[PDB]
Protein chains: 4
Amino acid sequence: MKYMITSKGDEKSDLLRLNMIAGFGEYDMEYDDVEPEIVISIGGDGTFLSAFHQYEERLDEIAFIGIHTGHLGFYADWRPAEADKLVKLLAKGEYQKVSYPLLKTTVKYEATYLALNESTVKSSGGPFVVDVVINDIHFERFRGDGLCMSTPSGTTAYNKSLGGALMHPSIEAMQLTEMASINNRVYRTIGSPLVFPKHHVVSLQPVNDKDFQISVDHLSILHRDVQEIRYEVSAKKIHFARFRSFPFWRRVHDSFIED
Amino acid sequence: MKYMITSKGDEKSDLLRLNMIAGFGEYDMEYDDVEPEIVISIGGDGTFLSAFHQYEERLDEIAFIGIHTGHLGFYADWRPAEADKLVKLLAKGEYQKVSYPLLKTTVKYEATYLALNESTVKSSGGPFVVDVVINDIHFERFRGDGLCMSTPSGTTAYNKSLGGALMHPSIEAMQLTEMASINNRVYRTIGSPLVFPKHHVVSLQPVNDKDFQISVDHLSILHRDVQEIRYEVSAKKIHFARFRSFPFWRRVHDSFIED
Amino acid sequence: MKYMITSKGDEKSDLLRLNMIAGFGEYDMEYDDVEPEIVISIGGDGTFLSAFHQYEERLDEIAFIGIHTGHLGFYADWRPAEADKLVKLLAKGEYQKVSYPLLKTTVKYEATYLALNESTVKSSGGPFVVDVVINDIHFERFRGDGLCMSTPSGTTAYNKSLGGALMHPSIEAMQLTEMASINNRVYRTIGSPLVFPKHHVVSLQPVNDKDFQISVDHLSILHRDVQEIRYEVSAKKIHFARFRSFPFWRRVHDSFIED
Amino acid sequence: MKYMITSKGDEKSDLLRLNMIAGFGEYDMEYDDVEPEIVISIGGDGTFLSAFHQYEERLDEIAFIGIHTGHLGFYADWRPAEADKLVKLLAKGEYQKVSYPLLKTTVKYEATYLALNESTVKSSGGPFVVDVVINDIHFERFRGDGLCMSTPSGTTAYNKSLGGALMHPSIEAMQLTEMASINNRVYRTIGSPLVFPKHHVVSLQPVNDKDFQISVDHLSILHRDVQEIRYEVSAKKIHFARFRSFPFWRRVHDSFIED
Ligand SMILES: NC[C@H]1O[C@@H](n2c(C#CCOC[C@H]3O[C@@H](n4cnc5c(N)ncnc54)[C@H](O)[C@@H]3O)nc3c(N)ncnc32)[C@H](O)[C@@H]1O
Ligand SMILES: NC[C@H]1O[C@@H](n2c(C#CCOC[C@H]3O[C@@H](n4cnc5c(N)ncnc54)[C@H](O)[C@@H]3O)nc3c(N)ncnc32)[C@H](O)[C@@H]1O
Ligand SMILES: NC[C@H]1O[C@@H](n2c(C#CCOC[C@H]3O[C@@H](n4cnc5c(N)ncnc54)[C@H](O)[C@@H]3O)nc3c(N)ncnc32)[C@H](O)[C@@H]1O
Ligand SMILES: NC[C@H]1O[C@@H](n2c(C#CCOC[C@H]3O[C@@H](n4cnc5c(N)ncnc54)[C@H](O)[C@@H]3O)nc3c(N)ncnc32)[C@H](O)[C@@H]1O
């Protein structure tokens with residue numbers, strides 16, 4: 001079937017990619033970076049994030065695989081020594097798929113984005129003020145550095161550094177965390193992270209300034225004349241190729257406690 | 001149908017209970033505290049917690065209602081002024097039910113318990129050491145004051161004070177938080193709260209001392225010769241009587257931000 | 001003696017300022033905004049911060065007074081109703097002085113700055129990497145959103161929202177807090193806030209990018225070709241006019257717990 | 001001069017102690033565990049804590065030295081390989097002294113205690129309620145698991161696990177941290193850690209139950225009919241023998257970041 005391989009760009013990743021293409025040539029496997037059914041990322045979690053966004057319009061027709069040439073990643077969880085074994089078991093089709101939920105982001109002035117990790121909103125300097133509306137009722141007026149809405153698999157990333165909980169990716173949900181909120185008699189926020197199920201809509205609305213720094217995964221965009229930022233669990237999902245058991249809590253333990 | 005009413009025990013709650021019994025007498029409603037189909041708690045969230053444990057063996061056949069004679073509670077979310085309206089709409093059967101997940105706790109020396117809020121494990125003095133095992137693999141060796149496993153509706157209680165996330169109760173899950181863990185080159189814990197889906201089993205195992213203070217909701221028990229404490233989302237659920245929309249995030253906003 | 005009054009710029013502050021000038025005209029008090037011995041700020045803590053920086057080159061010859069036309073401030077701790085009483089007791093010289101420590105910031109490419117609240121260092125987009133050196137020995141390699149070095153009186157401001165401790169201003173010290181650090185096997189930071197005595201020097205050194213967003217109190221500057229940012233408790237101090245006992249912990253209680 | 005050596009009690013510590021006594025016998029050094037001028041602890045920080053409390057009535061006449069037979073300690077900061085060098089430089093008197101502040105604790109029913117690390121107050125089950133009074137004015141009504149008042153050198157211990165700041169021991173101060181406080185419309189606490197200078201008195205006062213678990217360093221005592229617990233920086237100080245530069249921030253880096 002059609003496949004493609006993206007590389008971090010260093011020597012180790014480029015030549016592991018060239019070796020996998022060589023092994024793939026020994027099978028009924030055609031290299032196509034326009035309509036691949038298999039997308040292989042060689043590098044780190046950042047390389048995988050780029051691969052996901054490179055093919056975000058054909059998610060339902062693509063199985064992703066991540067190979068880490070450096071340390072273990074949460075998406076690049078395959079060791080380079082297993083690269084040759086990846087080729088055969090994947091040419092035969094000896095694999096099922098696991099799917100992780102995604103975060104849908106709507107920005108109105110309208111544009112929509114999908115996030116694999118998180119989407120954040122920050123000020124164009126100093127602190128900013130936004131009204132947080134949950135399912136069309138006002139929840140809080142936030143003043144601080146920013147807010148972060150994370151996918152389940154994204155909770156080990158920016159969300160973790162902001163004090164959020166780590167969620168197993170089988171839970172279809174999204175998590176909101178605060179960035180240095182000021183809490184006093186005037187401004188009052190919940191403080192705790194909030195975990196939302198599907199079909200719940202979190203809306204951020206501007207108060208004074210309407211220019212915000214909006215990020216989706218590794219991409220950071222300055223948006224102007226923004227009227228609303230809406231978050232909800234996407235109906236779409238990213239599909240991974242599964243060849244072996246590597247549980248989420250194992251990857252958490254191996255990444256943060258010790259390998 | 002058969003009903004019963006428990007009271008906090010103060011003057012205001014006892015006489016609101018006596019007035020509801022009087023109004024119930026004006027309907028085909030029989031008072032029975034052995035096999036009630038409707039359990040009404042008048043007081044606070046603590047009174048409701050007692051009512052839940054008083055009838056935890058007939059959960060599948062009971063609809064709970066909470067009335068707060070003091071401030072708003074997350075379970076006692078009905079105001080005493082609406083007590084008379086509660087009687088009629090509930091004698092007619094003009095209500096459906098909403099169900100919140102529960103936490104199952106197994107203590108082996110074997111005893112099982114259900115928690116509506118959380119279950120905690122603490123030392124018999126100073127810090128304690130337990131091995132945390134997730135789905136039969138060792139995750140961490142915890143040294144500190146204790147651990148807390150919370151239901152979704154329990155996240156606004158002890159879990160919130162421990163830095164956990166607030167989870168909407170439609171998510172069938174459980175959340176684990178740490179109590180003052182010591183983190184150094186020797187002892188290493190994740191720090192972040194952990195949210196587990198159904199069918200995931202978290203096991204706490206003793207290292208040196210085998211005597212622990214184990215709590216389930218408001219009840220605190222000292223347990224000796226404990227070999228294991230296992231947590232997982234229960235197959236059982238608590239059923240509430242629903243007469244009106246009072247969203248979980250509204251109760252969060254009203255309780256912690258302002259009413 | 002020579003005095004001056006700065007105003008927030010709203011109607012209430014401008015006309016309280018005009019009334020104080022009128023009352024001052026009834027005394028041997030000359031209005032001079034070039035060499036005042038008394039600087040009165042009418043508005044909020046932000047107005048006071050501007051007044052401090054407006055006269056930061058004559059700190060040793062100026063006594064500051066803060067009046068809050070809105071809610072209570074930590075520097076604007078005088079109520080507008082006591083404005084007329086402020087005039088007389090201050091024309092007579094019936095007051096001593098209290099002094100709060102300041103933070104010295106040296107930026108090398110060299111420029112020096114004084115902060116009454118704090119000084120922060122942030123990235124020009126995403127996370128940044130700086131080496132933290134304490135008294136000429138490498139302490140940690142920080143990767144995250146930023147760092148914040150606070151004065152004692154500044155601990156109730158940005159420092160508080162970052163999890164720092166509240167320090168009584170009689171302690172000559174500075175406090176460093178982290179902004180969403182990533183902690184893993186690669187990058188390791190202390191996490192806890194750090195409190196430094198006098199004569200201790202904290203140096204931030206660039207790793208890759210050398211362009212940082214450096215802030216000192218309300219002013220935020222983008223600095224390029226930065227080689228080092230050094231922090232230490234300043235030898236200079238800000239001097240307040242003291243007419244009455246208003247303890248620091250009282251202002252903390254009144255501001256954050258309830259007035 | 002008169003000296004004594006305490007041991008953790010394991011094989012390695014007992015025989016390093018026997019070797020140091022042998023080396024001391026080769027000098028004008030008399031072993032006396034009643035009036036020693038030099039107290040040597042061999043083991044861990046816990047062994048040193050016991051040695052400090054064993055001789056807390058002769059602090060002004062004793063210089064302490066800590067040797068760690070396991071990992072590096074903040075008090076046991078001497079490696080066993082340097083034991084023989086410790087003997088000579090210390091028989092000659094080729095050393096000055098450094099002094100760390102201590103915490104004074106007064107319990108009234110009256111008893112006084114000195115803490116090298118911290119003193120904590122906890123409930124006899126569940127949460128407890130105490131009024132916090134700072135310098136004779138009511139600061140907050142705390143409801144939660146407990147409170148912790150730490151010395152500067154104690155901030156790397158229980159205080160660190162509770163979110164407190166790390167303070168250099170040259171600062172004469174004490175730091176208070178909270179243990180899982182409940183914060184709502186009813187109960188309101190500051191949340192942030194509080195750092196107090198000398199001569200400031202923090203008083204904890206009972207509300208309902210008057211039975212508390214009071215700890216001072218490694219000793220935990222249940223106290224009954226307690227009317228008040230008062231904390232302030234002690235006028236006394238512990239004196240260390242100084243043979244070489246080992247800065248506090250180096251010990252922090254070596255203990256928590258990497259050795
Ligand atoms: N394996 C570790 C390496 O992978 C990174 N990583 C990634 C990634 C990536 C590519 O860069 C952009 C990400 O920067 C993260 N980030 C930003 N600002 C951050 C901060 N202030 N604090 C922590 N994070 C921050 C956001 O989340 C962005 O999405 N995703 C994950 C994940 N899901 N889980 C665990 N690690 C993950 C991680 O950062 C490590 O570098
Ligand atoms: N409405 C507010 C009042 O109701 C209480 N409450 C309850 C309850 C109850 C009955 O007492 C036992 C509970 O004490 C909580 N708890 C213990 N130690 C705590 C601590 N150190 N810190 C915060 N909590 C603590 C645990 O969770 C126990 O289960 N349940 C909830 C809930 N689900 N959400 C919001 N509040 C709730 C709350 O405490 C208020 O008093
Ligand atoms: N009285 C309350 C009002 O006064 C403000 N205030 C000030 C001030 C001021 C003028 O603006 C710039 C300050 O913005 C603060 N800040 C920035 N980003 C922040 C964030 N993300 N989170 C919290 N803070 C933040 C930084 O500290 C800057 O210095 N100083 C203090 C103080 N010392 N103590 C208590 N409040 C103080 C406070 O912000 C309230 O508005
Ligand atoms: N070197 C590391 C070893 O030394 C210990 N240690 C000690 C000590 C000791 C002897 O035991 C009693 C101490 O238990 C600590 N403690 C209790 N409950 C704790 C918890 N829930 N969380 C973290 N702490 C806790 C309290 O503080 C008690 O005083 N003092 C210090 C110190 N000053 N700095 C750094 N480590 C120190 C540390 O615990 C390690 O074991």
# chains A, B, ... in the order shown; residues from 1 in each chain; ligands from 1
$ interface_residues --of "chain C" --to "chain B" --cutoff "12 Å" --atoms "only C-alpha atoms" --output "ChimeraX atom specification"
/C:183-185,188-192
$ residues_near_ligand --ligand "ligand 4" --cutoff "9 Å" --atoms "only C-alpha atoms and all ligand atoms" --output "number ranges by chain"
B: 126-128, 143-146, 179-184, 186; D: 44-50, 71-76, 115-119, 150-162, 215-219, 252, 255
$ write_last_selection --atoms "N, CA and C atoms" --output "compact mmCIF listing (two decimals), in the first residue's frame"
# COMPACT_ATOMS: atom_id res chain seq x y z
N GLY B 126 3.60 9.69 60.68
CA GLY B 126 4.66 10.09 59.79
C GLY B 126 4.37 9.75 58.34
N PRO B 127 5.42 9.50 57.56
CA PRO B 127 5.25 9.08 56.17
C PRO B 127 5.20 7.56 56.04
N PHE B 128 4.58 7.10 54.95
CA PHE B 128 4.50 5.67 54.66
C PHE B 128 4.99 5.41 53.24
N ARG B 143 6.45 7.56 48.68
CA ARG B 143 6.72 7.85 50.08
C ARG B 143 6.19 9.24 50.38
N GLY B 144 5.31 9.33 51.37
CA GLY B 144 4.69 10.61 51.70
C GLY B 144 3.58 10.43 52.72
N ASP B 145 2.62 11.36 52.69
CA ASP B 145 1.52 11.34 53.65
C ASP B 145 0.39 10.41 53.25
N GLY B 146 0.08 10.27 51.97
CA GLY B 146 -1.00 9.40 51.58
C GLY B 146 -1.35 9.52 50.11
N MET B 179 -0.46 12.95 48.37
CA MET B 179 -0.47 13.74 49.60
C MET B 179 0.98 13.93 50.06
N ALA B 180 1.55 15.08 49.73
CA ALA B 180 2.89 15.48 50.18
C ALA B 180 3.92 14.36 50.00
N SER B 181 4.18 14.05 48.73
CA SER B 181 5.19 13.07 48.39
C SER B 181 6.58 13.69 48.50
N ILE B 182 7.53 12.90 48.98
CA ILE B 182 8.94 13.29 48.95
C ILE B 182 9.54 12.81 47.64
N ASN B 183 10.14 13.74 46.89
CA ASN B 183 10.72 13.45 45.58
C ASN B 183 12.20 13.80 45.61
N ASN B 184 13.04 12.80 45.36
CA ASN B 184 14.49 12.99 45.36
C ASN B 184 15.11 11.91 44.48
N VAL B 186 16.31 9.19 45.42
CA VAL B 186 15.87 7.87 45.88
C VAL B 186 14.42 7.61 45.49
N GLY D 44 22.59 9.33 58.32
CA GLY D 44 21.82 10.19 57.43
C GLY D 44 21.36 11.44 58.16
N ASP D 45 20.55 12.23 57.46
CA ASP D 45 19.98 13.42 58.08
C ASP D 45 19.13 13.07 59.28
N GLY D 46 18.50 11.89 59.27
CA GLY D 46 17.74 11.45 60.42
C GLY D 46 18.61 11.20 61.64
N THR D 47 19.79 10.61 61.43
CA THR D 47 20.72 10.41 62.53
C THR D 47 21.17 11.75 63.11
N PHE D 48 21.42 12.73 62.24
CA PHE D 48 21.82 14.05 62.71
C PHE D 48 20.71 14.71 63.52
N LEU D 49 19.47 14.57 63.06
CA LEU D 49 18.33 15.13 63.79
C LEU D 49 18.25 14.56 65.20
N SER D 50 18.51 13.26 65.35
CA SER D 50 18.52 12.66 66.68
C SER D 50 19.66 13.23 67.52
N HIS D 71 23.43 8.29 50.96
CA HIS D 71 23.46 9.41 50.03
C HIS D 71 23.72 10.72 50.78
N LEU D 72 24.02 11.76 50.01
CA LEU D 72 24.31 13.07 50.58
C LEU D 72 23.11 13.60 51.35
N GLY D 73 23.38 14.12 52.55
CA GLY D 73 22.36 14.77 53.35
C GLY D 73 22.59 16.26 53.47
N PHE D 74 21.56 17.01 53.86
CA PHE D 74 21.74 18.45 54.03
C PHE D 74 22.46 18.78 55.33
N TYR D 75 22.38 17.90 56.33
CA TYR D 75 23.18 18.03 57.54
C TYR D 75 24.36 17.07 57.55
N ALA D 76 24.16 15.85 57.05
CA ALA D 76 25.24 14.88 56.90
C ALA D 76 25.82 15.09 55.50
N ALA D 115 12.99 23.11 67.13
CA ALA D 115 12.95 22.30 65.92
C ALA D 115 14.08 22.72 65.00
N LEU D 116 14.80 21.74 64.46
CA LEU D 116 15.82 22.02 63.46
C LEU D 116 15.22 22.02 62.05
N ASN D 117 14.23 21.16 61.81
CA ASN D 117 13.54 21.13 60.53
C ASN D 117 12.23 21.90 60.62
N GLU D 118 11.22 21.33 61.27
CA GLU D 118 9.90 21.94 61.28
C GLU D 118 9.11 21.45 62.47
N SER D 119 7.95 22.07 62.67
CA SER D 119 6.94 21.60 63.60
C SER D 119 5.59 21.63 62.90
N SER D 150 8.38 25.78 59.25
CA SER D 150 9.70 25.25 58.93
C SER D 150 10.79 26.27 59.22
N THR D 151 11.96 25.77 59.62
CA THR D 151 13.16 26.56 59.71
C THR D 151 13.71 26.78 58.31
N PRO D 152 14.70 27.66 58.14
CA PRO D 152 15.33 27.78 56.81
C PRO D 152 15.93 26.48 56.31
N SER D 153 16.76 25.81 57.12
CA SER D 153 17.35 24.55 56.68
C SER D 153 16.32 23.44 56.57
N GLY D 154 15.15 23.60 57.20
CA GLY D 154 14.07 22.64 57.08
C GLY D 154 13.23 22.78 55.83
N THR D 155 13.42 23.85 55.05
CA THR D 155 12.59 24.07 53.87
C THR D 155 12.81 23.02 52.79
N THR D 156 13.97 22.36 52.78
CA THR D 156 14.21 21.27 51.84
C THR D 156 13.60 19.95 52.28
N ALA D 157 12.90 19.92 53.41
CA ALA D 157 12.33 18.70 53.97
C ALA D 157 10.81 18.74 53.80
N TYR D 158 10.02 18.54 54.87
CA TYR D 158 8.57 18.51 54.75
C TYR D 158 8.04 19.75 54.03
N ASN D 159 8.63 20.92 54.31
CA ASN D 159 8.19 22.16 53.68
C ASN D 159 8.23 22.07 52.16
N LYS D 160 9.29 21.47 51.60
CA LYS D 160 9.40 21.38 50.15
C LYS D 160 8.26 20.55 49.55
N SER D 161 7.93 19.42 50.18
CA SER D 161 6.85 18.57 49.68
C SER D 161 5.49 19.24 49.78
N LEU D 162 5.36 20.29 50.59
CA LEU D 162 4.11 21.02 50.74
C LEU D 162 4.05 22.26 49.86
N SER D 215 3.91 17.57 66.04
CA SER D 215 5.21 16.98 65.76
C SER D 215 6.29 18.04 65.85
N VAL D 216 7.46 17.62 66.32
CA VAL D 216 8.67 18.44 66.28
C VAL D 216 9.81 17.60 65.72
N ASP D 217 10.15 17.84 64.45
CA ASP D 217 11.15 17.05 63.71
C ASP D 217 10.61 15.61 63.64
N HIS D 218 11.39 14.60 64.01
CA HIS D 218 11.00 13.20 63.85
C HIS D 218 10.04 12.71 64.93
N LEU D 219 9.81 13.49 65.98
CA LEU D 219 8.98 13.08 67.11
C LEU D 219 7.56 13.59 66.92
N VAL D 252 21.60 21.77 47.57
CA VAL D 252 20.30 21.71 46.93
C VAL D 252 20.43 21.10 45.53
N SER D 255 21.31 17.43 45.65
CA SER D 255 20.32 16.53 46.23
C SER D 255 19.12 16.33 45.32
$ select_by_dssp --residues "region 42-191 of chain C" --states "strand (DSSP E or B)" --output "MDAnalysis selection string"
chainID C and resid 42:43 63:68 78 96:108 111:115 118:123 128:134 137:144 146:150 166:167 173:179
$ write_last_selection --atoms "C-alpha atoms" --output "PDB file, in the first residue's frame"
ATOM      1  CA  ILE C  42      -3.664  58.573  43.846  1.00  0.00           C
ATOM      2  CA  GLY C  43      -5.240  55.567  42.161  1.00  0.00           C
ATOM      3  CA  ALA C  63       9.119  59.598  50.808  1.00  0.00           C
ATOM      4  CA  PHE C  64       6.269  57.871  48.977  1.00  0.00           C
ATOM      5  CA  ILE C  65       2.588  57.788  49.949  1.00  0.00           C
ATOM      6  CA  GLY C  66      -0.099  55.762  48.210  1.00  0.00           C
ATOM      7  CA  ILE C  67      -3.837  56.558  48.096  1.00  0.00           C
ATOM      8  CA  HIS C  68      -6.290  54.073  46.580  1.00  0.00           C
ATOM      9  CA  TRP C  78      -4.546  54.975  52.280  1.00  0.00           C
ATOM     10  CA  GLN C  96       8.951  58.536  60.312  1.00  0.00           C
ATOM     11  CA  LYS C  97       9.859  56.306  57.378  1.00  0.00           C
ATOM     12  CA  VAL C  98       9.764  52.601  56.576  1.00  0.00           C
ATOM     13  CA  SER C  99      11.918  51.159  53.787  1.00  0.00           C
ATOM     14  CA  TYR C 100      11.297  48.119  51.557  1.00  0.00           C
ATOM     15  CA  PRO C 101      14.100  46.294  49.706  1.00  0.00           C
ATOM     16  CA  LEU C 102      14.477  46.526  45.935  1.00  0.00           C
ATOM     17  CA  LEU C 103      15.707  44.215  43.173  1.00  0.00           C
ATOM     18  CA  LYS C 104      18.683  45.176  41.013  1.00  0.00           C
ATOM     19  CA  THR C 105      18.742  43.829  37.448  1.00  0.00           C
ATOM     20  CA  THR C 106      21.798  43.984  35.183  1.00  0.00           C
ATOM     21  CA  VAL C 107      21.419  43.196  31.475  1.00  0.00           C
ATOM     22  CA  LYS C 108      24.625  42.680  29.490  1.00  0.00           C
ATOM     23  CA  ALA C 111      22.048  48.341  31.535  1.00  0.00           C
ATOM     24  CA  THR C 112      20.807  48.363  35.131  1.00  0.00           C
ATOM     25  CA  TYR C 113      17.233  48.571  36.407  1.00  0.00           C
ATOM     26  CA  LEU C 114      15.452  48.720  39.759  1.00  0.00           C
ATOM     27  CA  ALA C 115      12.241  46.771  40.365  1.00  0.00           C
ATOM     28  CA  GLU C 118       9.622  41.867  40.126  1.00  0.00           C
ATOM     29  CA  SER C 119      11.607  41.303  36.957  1.00  0.00           C
ATOM     30  CA  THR C 120      10.729  38.502  34.542  1.00  0.00           C
ATOM     31  CA  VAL C 121      12.395  36.880  31.527  1.00  0.00           C
ATOM     32  CA  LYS C 122      10.302  35.238  28.795  1.00  0.00           C
ATOM     33  CA  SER C 123      10.812  33.759  25.344  1.00  0.00           C
ATOM     34  CA  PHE C 128      13.073  29.076  25.953  1.00  0.00           C
ATOM     35  CA  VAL C 129      16.243  27.637  27.478  1.00  0.00           C
ATOM     36  CA  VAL C 130      18.495  29.461  29.946  1.00  0.00           C
ATOM     37  CA  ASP C 131      21.241  28.243  32.269  1.00  0.00           C
ATOM     38  CA  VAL C 132      20.684  29.354  35.869  1.00  0.00           C
ATOM     39  CA  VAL C 133      23.927  30.167  37.701  1.00  0.00           C
ATOM     40  CA  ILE C 134      23.917  30.904  41.446  1.00  0.00           C
ATOM     41  CA  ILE C 137      28.119  27.767  39.890  1.00  0.00           C
ATOM     42  CA  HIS C 138      25.645  26.214  37.455  1.00  0.00           C
ATOM     43  CA  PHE C 139      22.388  25.331  39.216  1.00  0.00           C
ATOM     44  CA  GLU C 140      20.026  24.138  36.465  1.00  0.00           C
ATOM     45  CA  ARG C 141      19.167  24.333  32.776  1.00  0.00           C
ATOM     46  CA  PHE C 142      15.621  25.705  32.650  1.00  0.00           C
ATOM     47  CA  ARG C 143      13.264  25.042  29.741  1.00  0.00           C
ATOM     48  CA  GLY C 144       9.784  26.533  29.943  1.00  0.00           C
ATOM     49  CA  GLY C 146       9.928  32.017  31.882  1.00  0.00           C
ATOM     50  CA  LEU C 147      11.351  32.974  35.253  1.00  0.00           C
ATOM     51  CA  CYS C 148      10.357  35.628  37.789  1.00  0.00           C
ATOM     52  CA  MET C 149      12.532  37.312  40.434  1.00  0.00           C
ATOM     53  CA  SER C 150      10.478  39.167  43.031  1.00  0.00           C
ATOM     54  CA  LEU C 166       4.639  35.685  50.674  1.00  0.00           C
ATOM     55  CA  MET C 167       7.568  37.386  52.425  1.00  0.00           C
ATOM     56  CA  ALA C 173      15.812  39.075  50.040  1.00  0.00           C
ATOM     57  CA  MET C 174      14.630  38.114  46.559  1.00  0.00           C
ATOM     58  CA  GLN C 175      12.522  35.170  45.386  1.00  0.00           C
ATOM     59  CA  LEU C 176      12.717  33.229  42.109  1.00  0.00           C
ATOM     60  CA  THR C 177       9.765  31.288  40.686  1.00  0.00           C
ATOM     61  CA  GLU C 178       9.335  29.167  37.564  1.00  0.00           C
ATOM     62  CA  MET C 179       6.854  29.623  34.699  1.00  0.00           C
TER      63      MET C 179
END
$ residues_around --residues "residue 59 (chain D)" --least-positions-apart "4" --cutoff "8 Å" --atoms "only C-alpha atoms" --output "ChimeraX atom specification"
/D:55,63,236-239
$ atom_distance --atom1 "atom 1 (N, counted along the ligand's line) of ligand 1" --atom2 "CA of residue 171 (chain A)"
21.0 Å
$ select_by_dssp --residues "region 58-156 of chain B" --states "alpha helix (DSSP H)" --output "list in words"
residues 83, 84, 85, 86, 87, 88, 89, 90 and 91 of chain B
$ write_last_selection --atoms "N, CA, C and O atoms" --output "mmCIF file, in the first residue's frame"
data_model
loop_
_atom_site.group_PDB
_atom_site.id
_atom_site.type_symbol
_atom_site.label_atom_id
_atom_site.label_comp_id
_atom_site.auth_asym_id
_atom_site.auth_seq_id
_atom_site.Cartn_x
_atom_site.Cartn_y
_atom_site.Cartn_z
ATOM 1 N N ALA B 83 -39.243 22.640 48.615
ATOM 2 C CA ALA B 83 -39.557 21.342 49.205
ATOM 3 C C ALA B 83 -40.973 20.902 48.861
ATOM 4 O O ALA B 83 -41.201 19.732 48.534
ATOM 5 N N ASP B 84 -41.938 21.820 48.937
ATOM 6 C CA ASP B 84 -43.321 21.453 48.646
ATOM 7 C C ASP B 84 -43.493 21.072 47.179
ATOM 8 O O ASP B 84 -44.242 20.142 46.856
ATOM 9 N N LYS B 85 -42.804 21.780 46.275
ATOM 10 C CA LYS B 85 -42.843 21.428 44.858
ATOM 11 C C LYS B 85 -42.194 20.076 44.598
ATOM 12 O O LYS B 85 -42.617 19.347 43.695
ATOM 13 N N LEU B 86 -41.177 19.726 45.386
ATOM 14 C CA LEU B 86 -40.558 18.412 45.263
ATOM 15 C C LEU B 86 -41.567 17.304 45.537
ATOM 16 O O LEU B 86 -41.518 16.244 44.906
ATOM 17 N N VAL B 87 -42.508 17.543 46.455
ATOM 18 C CA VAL B 87 -43.429 16.488 46.880
ATOM 19 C C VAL B 87 -44.346 16.077 45.733
ATOM 20 O O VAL B 87 -44.502 14.886 45.435
ATOM 21 N N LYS B 88 -44.961 17.056 45.064
ATOM 22 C CA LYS B 88 -45.963 16.745 44.048
ATOM 23 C C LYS B 88 -45.327 16.121 42.809
ATOM 24 O O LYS B 88 -45.713 15.020 42.388
ATOM 25 N N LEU B 89 -44.352 16.818 42.205
ATOM 26 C CA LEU B 89 -43.689 16.316 41.001
ATOM 27 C C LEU B 89 -43.081 14.935 41.211
ATOM 28 O O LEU B 89 -42.871 14.202 40.239
ATOM 29 N N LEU B 90 -42.812 14.561 42.458
ATOM 30 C CA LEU B 90 -42.223 13.275 42.788
ATOM 31 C C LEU B 90 -43.259 12.236 43.187
ATOM 32 O O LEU B 90 -42.978 11.040 43.087
ATOM 33 N N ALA B 91 -44.441 12.659 43.640
ATOM 34 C CA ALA B 91 -45.532 11.711 43.849
ATOM 35 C C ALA B 91 -46.129 11.255 42.522
ATOM 36 O O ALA B 91 -46.534 10.095 42.383
#
$ closest_residue --among "B:196, B:256, B:240, B:109" --to "ligand 2" --atoms "only C-alpha atoms and all ligand atoms"
B:256
$ decode --residues "region 191-208 of chain B" --atoms "C-alpha atoms" --output "short mmCIF file (atom, residue, chain, number, x, y, z; two decimals), in the first residue's frame"
data_model
loop_
_atom_site.label_atom_id
_atom_site.label_comp_id
_atom_site.auth_asym_id
_atom_site.auth_seq_id
_atom_site.Cartn_x
_atom_site.Cartn_y
_atom_site.Cartn_z
CA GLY B 191 3.41 14.22 40.93
CA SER B 192 0.63 14.91 38.45
CA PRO B 193 -2.88 13.59 39.16
CA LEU B 194 -3.79 10.48 37.19
CA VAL B 195 -7.20 9.81 35.63
CA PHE B 196 -8.09 6.18 34.90
CA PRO B 197 -10.89 4.78 32.70
CA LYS B 198 -13.10 1.82 33.51
CA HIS B 199 -11.57 -1.65 33.85
CA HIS B 200 -8.23 -0.16 34.90
CA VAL B 201 -7.07 -1.45 38.29
CA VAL B 202 -4.79 0.55 40.60
CA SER B 203 -3.22 -1.55 43.36
CA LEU B 204 -1.45 -0.19 46.44
CA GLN B 205 0.93 -2.66 48.08
CA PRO B 206 2.71 -2.32 51.43
CA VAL B 207 6.49 -2.18 51.72
CA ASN B 208 7.43 -2.16 55.42
#
